[PDB]
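**Q** just need the structure, nothing else, for what follows:
(2 chains, ligands or ions: 2)
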There are 2 protein chains.
Amino acid sequence: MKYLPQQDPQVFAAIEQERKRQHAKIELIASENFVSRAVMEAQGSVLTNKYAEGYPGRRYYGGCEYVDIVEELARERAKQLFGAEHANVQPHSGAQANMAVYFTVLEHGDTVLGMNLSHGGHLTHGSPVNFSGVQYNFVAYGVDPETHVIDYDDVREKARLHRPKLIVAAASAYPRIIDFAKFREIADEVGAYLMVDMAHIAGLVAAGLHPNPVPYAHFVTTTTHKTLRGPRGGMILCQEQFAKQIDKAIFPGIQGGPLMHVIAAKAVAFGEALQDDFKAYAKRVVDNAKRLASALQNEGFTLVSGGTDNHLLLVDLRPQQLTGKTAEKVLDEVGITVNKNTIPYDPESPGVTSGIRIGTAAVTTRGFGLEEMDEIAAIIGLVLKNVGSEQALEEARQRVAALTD
Amino acid sequence: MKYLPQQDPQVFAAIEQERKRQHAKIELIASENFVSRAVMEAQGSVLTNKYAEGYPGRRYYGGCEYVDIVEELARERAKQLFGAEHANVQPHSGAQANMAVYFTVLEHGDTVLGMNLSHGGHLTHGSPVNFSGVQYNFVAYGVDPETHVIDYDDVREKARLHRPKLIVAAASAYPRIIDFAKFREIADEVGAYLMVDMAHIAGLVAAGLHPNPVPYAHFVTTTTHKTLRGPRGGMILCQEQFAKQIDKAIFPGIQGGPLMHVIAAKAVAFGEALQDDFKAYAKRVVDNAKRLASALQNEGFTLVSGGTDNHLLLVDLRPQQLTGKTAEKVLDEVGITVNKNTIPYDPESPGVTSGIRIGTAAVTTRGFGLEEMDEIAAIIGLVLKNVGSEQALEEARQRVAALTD
Ligand SMILES: Cc1ncc(COP(=O)(O)O)c(CN[C@H](C(=O)O)[C@H](C)O)c1O
Ligand SMILES: Cc1ncc(COP(=O)(O)O)c(CN[C@H](C(=O)O)[C@H](C)O)c1O
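**A** Residues are numbered from 1 along each chain as shown, chains lettered A, B, ... in the order given. Ligands and ions are numbered 1, 2, ... in the order given. Let me share the structure:
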């Protein structure tokens, strides 16, 4: 940076603290990642200056010839990445991507079937304090109380009982592969649309390490910033038959001017994901998660679903008689970033929880491998089995520093 | 840029075209501006990597200490700028800022009174193809057919007849000062909330060149990217009594993770607006608009409302027997960017229009003054009075090039 340090010392000082923090900590928040310098440069471009309501070649402002090239690059690269017939790269966020799909196919008060929020479902999949739960009538399917795998007979029964217009599959805290074929089979039985929110697993899907929802879902939504390792934002994929309606839902439906600089950054991220080394990266993400899972079980930890098929895992802390909140707080003291997270059938409130959610996407981006996974698990064991020992916590602190340099 | 040219030649080439285009054209789109290099650097920062749902000191993720400083800087600087009791700097856009206010005070189907869309009202002020018009029952007030000034007796009559729960004031194409006191007086008469959407005039308000809606409105919404000359995004200002509800509407109501890098850029832009030279800039914007208005009238053009009090003007092209669409197209041929725009009581469809909308914020940022305003008006006259003359258009093309270098 050249101009920000001179123009705004206060903002620059805070940014520099944040940059240094990102390097110093072991970042295990499952939704986080580190974008490339190319992605950030695209976000820091003059494209922020351009109003471009509408779509490439169909804008409501003149002078969009070049931002059109950018948006089209993003759309085409996304279509190659996921094998989708249509892409909308304009959603400002995962929230807005989901909002737009709901706006497309639902009327106020329509019934929607989504994953139980306390079992892994997202806020935008029917929370009564979110637009989704306020605007539509959400019902929920659950995971099995023992296996913690989605109960597809429960999805089916809820769908047949409640007759939703839309079924939502996908999650913010589900560590196993989702069977999109079964979701579409159930949707077909009850005459419902199927929406898949692949936000967490999008990079894995792109790398062929999770089944692709595109051939099964009428609509696929996602963020660009989780396993896909792109800028912060959303995207919708859909069959050509829904393209016009989806585009109209985004604009003029729920947004105005798109963030063209962020769309440029999306294109860059998609370009990166199309490369062979991204496929290798994504495999290391999953390999690392499985290794981390195994190493945690070696420490004596119980994992929700007994492990992981993806980038993320959920520790059920009840055997250690710890809450997620306690674990999150103490791990913060030693430089390990996790979040407290409700586990399926959690006896604790969402403000307290019995679990922590952990993901490997960020640490993998930094170059961490299997040996680092073993060490991270050993540090977590040291901390959570010795929460009352300042000497243990100082050792953990030193071992975290050794990992991050 | 260092890494983008190497990583993504396609995206870089398009961005470079866009950068050069922004320099070459006379940019008169009233909603556009050119942000500082400091603003862009903040947007191009590692802050994109951070999930920070919630608010400063009240986040749902650990490690937000530094992004908290950034967001708080943005909020406090906004409060100083506008004299507001509370700021929410998280809205992804003007669309989302408006959406959140509606979500706060309205239920599905509630009546809202906004400015007639064909008289200057925005898409998000009740368009039947926008969430606003689909979700709520919008009614409209108009401007006087002769003066083109908001008819406050019409605002009052519509409010008394329809009994809206909310009245919206402010516009995307209104060239005169809005009387917020009268809007609040009417709101008070009928027991309605008052929302002011100051998106277009926010920089002028910040510089004391337009009356401040803050003391009159329950909610003030705005974009950060028009006259305020900041990054692309939204903001809500409100009285302390509504702070909790507004914050909850943004999250968990209608958004998820905020764009912390964009919020950093907001803070920078607000820092700039707090400086004396921004006040001088904003005065030149208004001075230039008045000069441009006068010079266009000198060319024989009729202006909606007979001129301007702000940054923007609307040419009524009926005397020249031209549509806005024709004017927009031919001006594009010579390197002058405007938009076609419906005028009040327009006999043409919104796809055709009888007007063009012009604003001076962008050209003023580039250093253009009164002499440049005279020349821009003379070029517009040359073009629009000689649409069939390729020699006139080539002269205009050369005169535009002379202005931009
Ligand atoms: C599955 C899923 N869909 C949408 C979103 C929201 O995206 P955005 O924040 O851009 O609006 C999420 C967000 N996930 C967060 C996380 O996993 O940490 C949190 C649960 O909201 C999501 O997971
Ligand atoms: C008065 C007003 N409010 C909201 C918006 C939408 O902001 P965003 O594009 O960030 O969602 C606008 C947008 N204005 C555009 C323009 O003036 O060119 C256009 C009319 O939508 C606005 O003017």
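**Q** so who does the residue nearest the centre of chain A touch?
**A** With distances taken as Cα atoms, centre = their mean, residue A:200 lies nearest the centre of chain A, 2.9 Å away. Contact analysis of residue A:200 by Cβ atoms under 8 Å, 6 or more residues apart in numbering or on different chains lists A:30-31, A:170-172, A:174, A:226-227, A:310-312. For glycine as for every other residue, the C-beta is placed from the backbone atoms N, C-alpha and C.
**Q** again, only using 10 Å
**A** By Cβ atoms under 10 Å, 6 or more residues apart in numbering or on different chains, residue A:200 lies in contact with A:30-31, A:94, A:120, A:122, A:170-175, A:210, A:222-223, A:226-228, A:310-312, A:359, A:361.
**Q** and if you look at residue A:340?
**A** By Cβ under 10 Å, 6+ apart, the contact list for residue A:340 reads A:317, A:323-329, A:331, A:348, A:350-357, B:60, B:62.
**Q** in PyMOL, how would I select the buried members of those residues?
**A** Selection of the buried residues among the contacts of residue A:340 in PyMOL, burial being defined by 16 or more other Cβ atoms under 10 Å in any protein chain shown:
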select buried, (chain A and resi 317+323+324+325+326+327+328+331+348+353+354+355+356+357) or (chain B and resi 60+62)
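**Q** coming back round to it: tell me how far the residue nearest to the centre of chain A lies from ligand 2.
**A** According to Cβ to the nearest ligand atom, to the nearest Å, residue A:200 stands 27 Å off from ligand 2.
**Q** where along the stretch 201-350 of chain A do the helices fall?
**A** Counting by DSSP state H, counting those that start in this stretch, the stretch 201-350 of chain A has helices at residues A:202-206, A:243-248, A:260-273, A:276-298, A:324-334.
**Q** which strand or helix spans residue A:195?
**A** strand A:193-197 (DSSP states H and E).
**Q** tell me if I'm right that residue A:332 and residue A:356 touch.
**A** No. Using Cβ atoms under 10 Å, residue A:332 makes no contact with residue A:356, being 11.1 Å away.
**Q** identify the contacts common to these two.
**A** Shared contacts of residue A:332 and residue A:356 (Cβ under 10 Å, 6+ apart): residue A:338.
**Q** which residue packs closest to whichever residue of chain A sits closest to ligand 1, ignoring adjacent ones?
**A** Closest residue of chain A to ligand 1, Cβ to the nearest ligand atom: residue A:94 (2.3 Å). Setting aside the residues directly before and after it, residue A:94 is nearest to residue A:223 in space (Cβ to Cβ, 6 or more residues apart in numbering or on different chains), at 4.0 Å.
**Q** cool, residue A:117 as well?
**A** Distance criterion Cβ to Cβ, 6+ apart; nearest residue to residue A:117, sequence neighbours excluded, is residue A:127 at 6.1 Å.
**Q** what does chain A put close to ligand 2?
**A** A:51, A:53, A:255-257 (Cβ under 6 Å from any ligand atom).
**Q** neighbour-wise, which one of the residues you listed leads?
**A** Using other Cβ atoms under 10 Å in any protein chain shown as the neighbour criterion, residue A:255 leads these with 26 neighbours.
**Q** distance check, that one against chain B.
**A** Plainly put, residue A:255 is 5 Å away from chain B if you go by Cβ to the nearest Cβ, to the nearest Å.
**Q** and for residue A:266?
**A** With distances taken as Cβ to the nearest Cβ, residue A:266 is found 10 Å from chain B.
**Q** repeat that for residue A:129.
**A** Separation of residue A:129 from chain B (Cβ to the nearest Cβ): 5 Å.
**Q** likewise residue A:106?
**A** For residue A:106, the distance to chain B equals 11 Å [Cβ to the nearest Cβ].
**Q** near that residue, how many other residues are there?
**A** Quick note: residue A:106 (other Cβ under 10 Å) scores 19 neighbours.
**Q** cool, and the one 4 residues further on?
**A** Close neighbours of residue A:110, defined as other Cβ under 10 Å, add up to 15.
**Q** surely it meets residue A:102?
**A** Yes. Counting by Cβ under 10 Å, residue A:110 does reach residue A:102; the two are 8.6 Å apart.
**Q** quick one, what contacts the residue nearest to residue A:145 when sequence neighbours are not counted?
**A** Spatially, and ignoring its direct neighbours in sequence, residue A:145 is nearest to residue A:345 (5.6 Å; Cβ to Cβ, 6+ apart). Counting by Cβ under 10 Å, 6+ apart, residue A:345 touches A:116, A:118-119, A:142-146, A:148, A:316, A:354.
**Q** out of the residues you listed, which is most surrounded?
**A** Highest count within the contacts of residue A:345 by other Cβ under 10 Å belongs to residue A:354, 27 neighbours.
**Q** from residue B:91, how far off is the closest residue to ligand 2 within the stretch 151-300 of chain A?
**A** Using Cβ to the nearest ligand atom, the closest approach of the stretch 151-300 of chain A to ligand 2 is made by residue A:256 at 2.5 Å. Residue A:256 is 11 Å from residue B:91, where distance means Cβ to Cβ, to the nearest Å.
**Q** what is in contact with the two at once?
**A** By Cβ under 10 Å, 6+ apart, the residues touching both residue A:256 and residue B:91 are A:92, B:98, B:223, B:234.
**Q** so which residues on chain A come close to ligand 1?
**A** Contact residues, chain A versus ligand 1 (Cβ under 6 Å from any ligand atom): A:31, A:93-95, A:122-124, A:170, A:172, A:197, A:199-200, A:223, A:234.
**Q** pull the most distant pair out of these.
**A** Of all pairs drawn from these, the widest gap by Cβ to Cβ lies between A:93 and A:170 and measures 15.7 Å.
**Q** report the buried residues of the one helix or strand residue A:398 maps to.
**A** Using DSSP H and E, residue A:398 sits in helix A:390-404. Residues A:392-393, A:395-397, A:399-400, A:403 are the ones in helix A:390-404 that count as buried (16+ other Cβ under 10 Å).
**Q** what angle sits between that helix and helix A:324-334?
**A** Following axes from the mean of the first three to the mean of the last three Cα atoms, to 10 degrees, one obtains 70 degrees for the angle between helix A:390-404 and helix A:324-334.
**Q** need the contact partners of helix A:390-404.
**A** Contacts of helix A:390-404 (Cβ under 10 Å, 6+ apart): A:22-27, A:330-331, A:333-336, A:363, A:366, A:368, A:372, A:375-376, A:378-387, A:389.
**Q** what's the answer for stretch A:377-388, then?
**A** Under Cβ under 10 Å, 6+ apart, the answer for stretch A:377-388 is A:26, A:28, A:291-301, A:315, A:317, A:320, A:322, A:326-327, A:329-331, A:333-336, A:338, A:356, A:358, A:389, A:392-393, A:395-400, A:402-403.
**Q** point me to the residue of the stretch 251-400 of chain A nearest chain B.
**A** Nearest residue of the stretch 251-400 of chain A to chain B, counting by Cβ to the nearest Cβ: residue A:256, 4.3 Å away.
**Q** not counting residues beside it along the chain, what's closest to that residue?
**A** Distances taken as Cβ to Cβ, 6+ apart place residue B:95 nearest to residue A:256, at 4.3 Å, with adjacent residues excluded.
**Q** can you give me phi and psi for the one you found?
**A** phi -50, psi -50 (degrees, to the nearest 10).
**Q** surely it touches residue B:127?
**A** No. If you go by Cβ under 10 Å, residue B:95 and residue B:127 don't touch, sitting 11.3 Å apart.
**Q** first-to-last residue distance for stretch A:254-263?
**A** The separation between the terminal residues of stretch A:254-263, taken as Cα to Cα, to the nearest Å, is 17 Å.
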